[PDB]
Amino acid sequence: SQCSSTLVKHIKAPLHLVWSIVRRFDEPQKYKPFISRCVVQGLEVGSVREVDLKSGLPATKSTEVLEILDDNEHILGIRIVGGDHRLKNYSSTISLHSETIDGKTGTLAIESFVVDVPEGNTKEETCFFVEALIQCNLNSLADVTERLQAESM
C-alpha cells in the first residue's frame, strides 16, 4: 500500500523570492529544519544530493535524485533513492504559484508525495508522519521567506 497526499501553504512573500529558495536542490538546509548539510556533485535532472540530517534523529542521511526542475513553471520534483531511514519509494513534487491574499501578492506552495506504507505501520500512520514533516518544512519556508521579505523592506 501507499500514502499519497497533497499539502497547500499560503506564503506572504513574492514568488520570485520563494522560488529562489525552493529551487536550490543543493541547499535544502536553508529552510528544512531537520536537514543539516547537503552536497551535490557536478542542478540538472539526474543530479544526486547526499543529505545529512541533524544529529539526534533515528536516521543520519538520505540520497535523493532531481527528477524535475522547471524554472519557468516553478516545479521541483525529487525521489529518495537511499539512506539509513525506512522510507521506501518516496517521491514528491512542489510547485509555487502567485496569489493575492488581502490585496498583497504572495505565493501558494503545493506539495504532493507518494510513499510506501512500511509493513509494520498503518497507512494512516505513514500519511501522518510524512504530512507532519512536510507541514513543518512549509511552515519554515514561509517563516524564512517572509523574514527575507521583511528584511528587504
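Just count from 1 along the sequence shown to find any residue number. Note that the rigid core is defined as the largest set of C-alphas that superpose within 1.5 Å between two forms.
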item	value
Of 54-62 and 81-89, which departs more from this form in 6 other deposited structures of this protein by CA RMS after core fitting	54-62
Residue 43 preceded by how many uncoordinated deposited residues after residue 42	1 to 3
Which of 99-107 and 80-88 has higher mean CA B factor, as the PDB entry lists it	99-107
27-35 or 108-116, whichever carries the higher mean Cα B-factor	27-35
Given 63, 47, 93, 126, the residue at which the Cα B factor reaches its maximum	47
Chain-relative CA temperature factor third for residue 153	highest
Third of the chain's Cα B-factor distribution that residue 1 belongs to, per the entry	highest
